[PDB]
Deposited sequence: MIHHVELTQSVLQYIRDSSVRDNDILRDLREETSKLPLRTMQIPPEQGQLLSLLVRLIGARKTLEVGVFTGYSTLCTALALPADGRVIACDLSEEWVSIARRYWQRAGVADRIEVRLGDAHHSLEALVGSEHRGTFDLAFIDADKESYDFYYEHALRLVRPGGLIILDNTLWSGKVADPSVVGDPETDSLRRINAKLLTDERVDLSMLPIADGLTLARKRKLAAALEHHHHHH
């Protein structure tokens, strides 16, 4: 049973707290259930690379942002390109509760517009890490912009790259989101600009380290 093993990973390794628990419950009741193991991995990766400045695309109720910001130093910053207006007050409340609201710079609005502004700014090539969880049709655009935005040696992370297994399912034909993911996953395999690892965790997580050239 894969369900019993997934339950065991959560029971035996997730370091939860009432802030994270409440945010997952509140998000579940809105009109995907948050996988806590993924936020915890993101926090570990931030610490492992000694990240100080990170980029996020998606944000939603701010769970990944909260995990990321808690792993940063006090002077650390997250530029959070938020695609959900409806939920900013939720995200803000949990960031304030955790004492990290001052580390998070919210950029609400179209992701393409935000990333174009960032590439055309002093922020280009300064990010230690970028985390992308957004509309799958746009992943190639987000990846290409993250590659310009992160420093050499920086880490790009694309979430949900396994898309409920649809990428592997031969019966899924004519679906724009699945086709876009199949294209970007295939492109990353042979992209000499990065080191790659695709993880099965929480609906797939692709790690791409920008090579120094």
- Query: Could you give the ranges of the deposited sequence that carry no C-alpha coordinates?
  - Reply: 1-6, 38-40, 223-233
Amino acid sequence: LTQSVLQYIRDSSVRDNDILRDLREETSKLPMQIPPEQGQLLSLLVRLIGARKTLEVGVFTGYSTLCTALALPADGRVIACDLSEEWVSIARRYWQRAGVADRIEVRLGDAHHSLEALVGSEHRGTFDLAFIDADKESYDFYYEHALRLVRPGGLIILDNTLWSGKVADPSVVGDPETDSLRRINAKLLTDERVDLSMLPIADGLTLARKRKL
From here on, numbers count along this sequence of modelled residues.
- Which is higher on average in the deposited entry, the C-alpha temperature factors of 112-120 or of 68-76? 68-76
- Mean Cα B-factor check, 153-161 vs 33-41, entry values; winner is 33-41
- Looking at the C-alpha B-factor of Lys210, is it in the lowest, middle or highest third of its chain? middle
- Note on the structure: Chain-relative C-alpha B factor for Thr27 (record values, thirds): the middle
- Could you say whether, by C-alpha temperature factor, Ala168 belongs to the lowest, middle or highest third of its chain? middle
- Taking the C-alpha B-factors as the PDB entry records them, is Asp128 in the lowest, middle or highest third of its chain? lowest
- Task: Ordered by C-alpha B-factor within the chain, which third holds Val57? Give me lowest, middle or highest, please.
- Result: lowest
